[PDB]
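Just so you know, we're using this note's numbering here: the sequence shown kicks off at 58 and counts up by one. Here a beta-carbon is modelled for each residue, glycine too, at the ideal position from N, C-alpha and C. Input: a single structure, listed below in structure tokens.
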Amino acid sequence: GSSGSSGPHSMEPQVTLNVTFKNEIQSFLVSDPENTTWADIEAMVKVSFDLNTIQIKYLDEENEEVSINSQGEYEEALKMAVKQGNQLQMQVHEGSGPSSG
Numbered sequence: 058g059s060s061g062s063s064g065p066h067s068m069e070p071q072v073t074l075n076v077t078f079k080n081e082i083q084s085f086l087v088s089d090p091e092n093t094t095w096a097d098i099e100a101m102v103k104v105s106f107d108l109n110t111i112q113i114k115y116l117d118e119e120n121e122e123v124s125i126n127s128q129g130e131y132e133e134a135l136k137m138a139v140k141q142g143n144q145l146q147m148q149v150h151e152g153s154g155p156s157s158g
């Protein structure tokens with residue numbers, strides 16, 4: 058690789074994205090939470106559960122569901138995850154779409 062910026066934070070970058078869709082629970086490791094993009098995540102979670110539109114929501118440091126609709130939003134969330142233990146509790150929330158479902 059390359060020894061540039063680098064932002065492991067702690068216990069490595071690999072973050073545990075715990076997605077909770079309704080009653081379903083999943084986990085997606087992100088060895089590159091800083092490199093990857095929310096767009097990549099969104100889709101992932103979507104395709105992961107085969108969805109056209111979703112509104113993921115992760116619990117912040119207030120136990121309040123926070124929806125990510127941008128990179129910056131994800132970044133922070135990723136920063137917080139590190140606080141927890143390299144994991145983040147996300148909850149999928151189907152937005153709206155006929156096709157599929």
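Assign residue i to one of two classes, buried (16 or more other C-beta atoms within 10 Å of its C-beta) or exposed (fewer than that).
i    : result
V104 : exposed
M147 : buried
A134 : buried
Look up residue i in the DSSP assignment and give the residues it is bridged to.
i    : result
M147 : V76, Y115
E122 : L116
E81  : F78
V87  : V72
Rounded to the nearest angstrom, how far is the Cβ of residue i from that of residue j, given a contact under 8 Å?
i    : j   : result
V149 : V76 : 5 Å
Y115 : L86 : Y115 to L86, Cβ: 16 Å. No contact.
If distances are taken between C-alpha atoms only, which option among the options comes closest to residue i?
i           : options                : result
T73         : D89, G61, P155, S63    : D89
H66         : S156, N143, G154, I125 : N143
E151        : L135, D107, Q141, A134 : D107
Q128        : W95, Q141, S59         : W95
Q71         : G158, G154, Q141, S157 : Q141
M68         : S153, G154, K136       : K136
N126        : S62, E91, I98          : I98
residue 164 : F78, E91, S59, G64     : In the structure as shown, the chain begins at 58 and stops at 158. Residue 164 is therefore absent and cannot be evaluated.
>> So, does the region 114-125 touch the region 81-88, judging by three or more C-beta pairs under 8 Å?
In response: no
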